[PDB]
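Below: one structure, written as structure tokens.
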Amino acid sequence: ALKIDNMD
Amino acid sequence: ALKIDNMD
Amino acid sequence: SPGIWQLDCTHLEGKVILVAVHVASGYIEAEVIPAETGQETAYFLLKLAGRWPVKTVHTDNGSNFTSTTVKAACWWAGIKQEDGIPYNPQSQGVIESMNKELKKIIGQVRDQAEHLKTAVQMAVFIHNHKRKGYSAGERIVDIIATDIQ
Amino acid sequence: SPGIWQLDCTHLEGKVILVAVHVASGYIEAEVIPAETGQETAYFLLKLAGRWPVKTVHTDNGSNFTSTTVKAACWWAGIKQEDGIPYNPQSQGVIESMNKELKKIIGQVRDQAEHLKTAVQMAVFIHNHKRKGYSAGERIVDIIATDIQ
Ligand SMILES: [Cl-]
Ligand SMILES: [Cl-]
């Protein structure tokens, strides 16, 4: 999700 | 529950 | 000095952020929970006392002071559970200004995190690494190491 | 020295216990998750780096070494993400003996806790406070304070 905690 | 993390 | 911590509970995004502050250094640890209960507070203090040498905790409100489960965790971990009455009036202000600063930081990082709990740990990191010049993470290690020696 | 940590993942009760070991002291932090994923490992490292000055982490397997989410958390927190190949063969044995010891302690406390995660935090507490005589909690503070000065 392009987040540090969920790069998907 | 008489447990340290749940005394009920 | 070295073993005294204070609990603090603030709200954001419809959830609760529970914080433990090491009073002498300003170093903090925090977690996000859906609501503050004795059971969650007790588990949080068990985590804290396995990580730092926690002698006394000033609880954040009378419900967590009274809670049998918080008392059980404090007994298990060898912590003196105390009230958190601001006998020194400057204390209310210091905690309030901390919660304000933590929420500011959370807003600054919030778009880098899917979950609030990630943003709160980013805020914990920035708070504990900021130099004031030593940081609060430096000051708590120095204080505890001085106590050990 | 002061900033090197190693990840370790062990299984109990159908769940996973993720552990970070500060290599020079033997101090540990741990959590229980339903299964080891890059996202959970990344969040765990972000917590750890907000609490201690983590310079390098030796990851526990090639999946968490490769994970883009673990790489992102390590970039965010300023950690050098490394492999955890036991170039010193004595390492496999030290980690394995640690997992055996932690499971033994979990078993000894397990009936005082409703949830496994509480028993694991009780084991973390007993492990970090045990005097070997200094405890691992004393040694990690000693080591980091010496580094700061
Ligand atoms: Cl609440
Ligand atoms: Cl797994």
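Sequence lines set the chain letters: A, B, ... in the order given, protein chains first and strands last, and positions in each chain run from 1. FYI, side chains are in, hydrogens and waters are out, and symmetry mates aren't considered; it's all heavy atoms of this structure.
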Can you tell me how far the [atom1] atom of [X] sits from the [atom2] atom of [Y], to the nearest 0.5 Å?
X: A:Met7; Y: C:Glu114; atom1: CE; atom2: CD; answer: 12.5 Å
X: C:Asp111; Y: A:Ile4; atom1: CG; atom2: CD1; answer: 10.0 Å
X: A:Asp5; Y: C:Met122; atom1: CG; atom2: CE; answer: 6.5 Å

Verify the neighbour count for atom [atom1] of [X]: are there more than 12 heavy atoms of other residues, nucleotides or ligands below 6.0 Å?
X: C:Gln108; atom1: CD; value: yes
X: C:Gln92; atom1: CD; value: yes
X: C:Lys100; atom1: NZ; value: no

